[PDB]
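Novice: based on what follows, work out the 3D shape:
(chains A and B, ligands or ions: 2)
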Amino acid sequence: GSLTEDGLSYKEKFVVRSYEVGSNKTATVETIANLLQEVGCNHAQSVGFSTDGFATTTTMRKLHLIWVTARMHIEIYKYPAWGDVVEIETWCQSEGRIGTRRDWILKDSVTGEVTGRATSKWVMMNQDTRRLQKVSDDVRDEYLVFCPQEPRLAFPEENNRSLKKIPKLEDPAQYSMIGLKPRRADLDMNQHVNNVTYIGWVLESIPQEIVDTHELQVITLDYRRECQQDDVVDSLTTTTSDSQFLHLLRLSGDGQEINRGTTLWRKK
Amino acid sequence: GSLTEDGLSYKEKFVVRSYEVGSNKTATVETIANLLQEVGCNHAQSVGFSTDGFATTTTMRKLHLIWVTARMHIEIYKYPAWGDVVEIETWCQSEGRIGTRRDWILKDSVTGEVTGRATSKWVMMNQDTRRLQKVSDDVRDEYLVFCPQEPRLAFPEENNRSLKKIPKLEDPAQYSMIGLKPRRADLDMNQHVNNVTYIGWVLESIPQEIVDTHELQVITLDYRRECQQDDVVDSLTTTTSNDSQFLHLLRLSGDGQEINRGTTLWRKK
Ligand SMILES: Cc1noc(C)c1C(=O)NCCC1=CCCCC1
Ligand SMILES: Cc1noc(C)c1C(=O)NCCC1=CCCCC1
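Specialist: Numbers count the residues shown, from 1 in each chain, chains lettered A, B, ... in the order given. Ligands and ions are numbered 1, 2, ... in the order given. Coordinates below:
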């Protein structure tokens, strides 16, 4: 992997591993999501930001400020097979005082064809109080020198799937998976649950028949609250429709929301 | 990755990924175990065996026979850091009519120093009845051409940890983690739970204080029964011991049917 010629984006190649594939002999969506966070981390390191998952600058660390994912949107046209070479390109951009955006383009290295794309919105917050801040001015300058100044959107379409409001699932849910817990493998260097684990938890309430007759095409997820090491999650799914579903992750007892999303599935 | 000059072993290099590390900023044991299974699969493919996790030959598929892990033994001296390059060498060997053995050597590519080693015993079995059978001569000849004919042991020692009998944990267990379930990410191409998930489940009943003051040095695990997609596991641990040793047991949540038993040796950090 390396920053491109202009230094305003990063590229990296991956060979799909034997343990990274599911029932269709193709990469799981959790493998794809892990590959996205890997190239995003390598881009953060190549420009001097932190590599702890928060992509902080010098002044952000001085003020105990971090970047947190608020929303994610992934669209996959073709899942890579075992042994395939995928090329991922990533870049970040300023969204005024609202926050940051990180985009990804996935391509098959042999054909150069776009096989997937992703977008994510990030917000600035105090690491201890968790209170959101509007992006100041001294922070915008420390990281805008690494962003293209002209807009560069992985999903350029005027008001598309990545910018639609997600509603709260109403009880009773059609499908559910209860008592989900993260294990040590799901935790990062600072013992926080990996962002990709929440994707897997959402998909656990999808029935096995849908998974065996359909492929996941689009996934939009809102991150409301962080799940701790000792927290237990309930995964809820209801059909809204191709096949579409509405999702909800909440804490096992009290029912405190952690995530809500939508999935669009295509027949095999 | 590629088979070595003599074709009797396989090597592959890996760069440790950001999401593959834990609290120490070093690779988790599940990442190490996944890297071992990856190079083992690439070696199976390089010599024409199946790549479904069973490493079957033509005649084995004709008779519905598969290789299954019976025991695993891993020793780690130094866990690789984020961005480090590790080199893994693997080879398999005939253990007469008992089964096969697969060995691994982990090295830091920059220093060439041995940072870890692993061994595993495999047994032949009918895929459907799950009945273990002695390895026949037809099968023995189809894979012996890929094994070194002289012994090559990752753990050559005359009385080492990889060949010690593991006892069954007696209730009450000192520590426990209940209601563990595999997710879709933990399943292979044929919807079987990945062998590395069982390692992670064993380590879930280790207290967080041990994990934060010690590093895992040795892990020996016996695989008695396969956990299904819809099965729920209970993880049990009791201290047996500068070092700390534990006895482990994985069993089904209800009835308590054993799936695994093992031992871990931890060194002060
Ligand atoms: C920048 C940066 N610095 O460290 C990391 C790690 C990144 C990064 O790109 N993380 C993406 C997080 C994510 C991926 C897939 C699921 C939804 C959330
Ligand atoms: C040969 C072969 N062919 O496909 C695969 C996959 C292998 C392989 O080496 N699997 C190792 C299994 C394992 C890994 C970590 C500890 C527990 C047991």
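Novice: residue contacts, whichever residue of the stretch 1-150 of chain A sits closest to ligand 2?
Specialist: Nearest residue of the stretch 1-150 of chain A to ligand 2: residue A:18, at 5.5 Å (C-beta to the nearest ligand atom). For every residue, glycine as well, the C-beta is placed using N, CA and C. Applying C-beta atoms under 8 Å, 6 or more residues apart in numbering or on different chains to residue A:18 gives the contacts A:82, B:37, B:38, B:41, B:42, B:51, B:53.
Novice: and with 7 Å instead?
Specialist: Taking C-beta atoms under 7 Å, 6 or more residues apart in numbering or on different chains, we find residue A:18 in contact with A:82, B:37, B:38, B:41, B:51.
Novice: among those residues, which pair sits farthest apart?
Specialist: Greatest spatial distance in the contacts of residue A:18: A:82 and B:37, 12.9 Å, computed using C-beta to C-beta.
Novice: give me the secondary structure label for the closest residue to residue A:155 other than its chain neighbours.
Specialist: Once flanking residues are discounted, residue A:155 sits nearest to residue A:162: 4.8 Å by C-beta to C-beta, 6 or more residues apart in numbering or on different chains. Using DSSP: H, G, I helix; E, B strand; the rest coil, the three-state assignment for residue A:162 comes out as helix.
Novice: ok, residue A:139 next?
Specialist: With three-state DSSP as the criterion, residue A:139 reads helix.
Novice: which one is whichever residue of chain A sits closest to ligand 1 nearest to, not counting chain neighbours?
Specialist: Shortest chain A-to-ligand 1 distance, computed as C-beta to the nearest ligand atom: residue-wise this is residue A:40, at 1.9 Å. Nearest residue to residue A:40, sequence neighbours excluded (C-beta to C-beta, 6+ apart): residue A:90, at 5.5 Å.
Novice: can whatever helix or strand that neighbour lives in be said to contact ligand 1?
Specialist: Per DSSP states H and E, residue A:90 falls inside strand A:85-95. No - figure legend: strand A:85-95 not in contact with ligand 1 (C-beta under 6 Å from any ligand atom); closest approach 7.0 Å.
Novice: chain center to stretch A:168-187, what's the gap?
Specialist: Distance of stretch A:168-187 from the chain centroid (C-alpha atoms, centre = their mean, to the nearest Å) equals 17 Å.
Novice: just to revisit the earlier point, I'd say the residue nearest to residue A:155 and residue A:120 touch.
Specialist: No - taking contacts as C-beta atoms under 7 Å, residue A:162 lies outside contact range of residue A:120: 9.2 Å.
Novice: tell me how many other residues crowd residue A:137.
Specialist: 7 (other C-beta atoms under 10 Å in any protein chain shown).
Novice: verify the contact between the residue nearest to residue A:40 and residue A:10 for me.
Specialist: Yes - with contact defined as C-beta under 7 Å, residue A:90 reaches residue A:10; the gap is 5.3 Å.
Novice: got any residues that touch both of these two?
Specialist: Common neighbours of residue A:90 and residue A:10 (C-beta under 7 Å, 6+ apart) are A:39, A:43.
Novice: who does the residue nearest to residue A:40 form a beta bridge with?
Specialist: When bridges are called by DSSP bridges, residue A:90 pairs up with residue A:10, residue A:104.
Novice: spit out the contact partners of the residue nearest to residue A:142 when sequence neighbours are not counted.
Specialist: Sequence neighbours aside, residue A:57 is the residue nearest to residue A:142 in space, at 4.3 Å (criterion: C-beta to C-beta, 6+ apart). Contact analysis of residue A:57 by C-beta under 7 Å, 6+ apart lists A:49, A:139, A:142, A:143.
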